[PDB]
């Protein structure tokens, strides 16, 4: 049930603390009680070095349902990003984050985030979540890359 999820999230936290990619950040939020909330994490993914995303730090929220880890968590960029697989709400469209597609209860938080970071540089064309970005990526790649570099600069650290 809910307890099963909470225990597994405590484990994910311990593993993330000891082993996680340079530049990434994944942290649980605190309840109004001041208590720690494992169902809602505040993360930030850095753009892959060597790509137009390089330099940017993109914040996203990870939300867990009480059936975790049976059902994958919902990931959402705050604010929404210019990107083919990212819905305007901010939700990320990724096959491993779909319970009926690839999500395996075994997938870790390090894997999810790395999977999202990869998806940034490489849009999956099998599923459109944003009409314009997804169109510009297929129709005119030069404009796509131009905007993405602007976005990367927009989310540069200060």
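Heads up, when I say rigid core I mean the largest set of C-alphas that superpose within 1.5 Å between the two forms. Numbering follows the first chain given and starts at 1.
Chemist: Once everything is fitted on the core, do the CA positions of 49-57 or those of 129-137 lie farther from the shown form in 4 other deposited structures of this protein?
Modeler: Higher root mean square deviation of C-alphas in 4 other deposited structures of this protein is shown by 129-137.
Chemist: Any chance you could tell me whether 120-128 or 91-99 drifts more in 4 other deposited structures of this protein, judged by RMS CA distance from this form after superposing on the core?
Modeler: The more displaced stretch in 4 other deposited structures of this protein turns out to be 120-128.
Chemist: Mean C-alpha B factor from the entry: is it higher for 148-156 or for 1-9?
Modeler: According to the PDB entry, the answer is 1-9.
Chemist: Once you work out the mean C-alpha B-factor for both 139-147 and 20-28 from the entry, which is higher?
Modeler: Looking at the recorded C-alpha B-factors, 139-147 comes out higher on average.
Chemist: Taking the values straight from the PDB record, which of 112, 93, 119, 45 has the highest C-alpha temperature factor?
Modeler: Spelled out: the listed residue with the top C-alpha B-factor is 93.
Chemist: Hey, out of 130, 108, 40, 89, whose CA B-factor is highest in the deposited coordinates?
Modeler: Highest C-alpha B-factor among the listed residues goes to 130.
Chemist: Splitting the chain's C-alpha B-factors into thirds, which one does residue 49 fall into?
Modeler: CA B-factor rank for residue 49: lowest third.
Chemist: Quick check for you: using the entry's CA B-factors within this chain, is residue 97 in the lowest, middle or highest third?
Modeler: Middle third - that is where residue 97 ends up once the chain's C-alpha B-factors are sorted.
Chemist: Which third of the chain holds residue 56 when residues are ordered by C-alpha B factor: lowest, middle or highest?
Modeler: Lowest third.
Chemist: With respect to C-alpha B-factor, does residue 63 fall in the lowest, middle or highest third of the chain as deposited?
Modeler: CA B-factor rank for residue 63: middle third.
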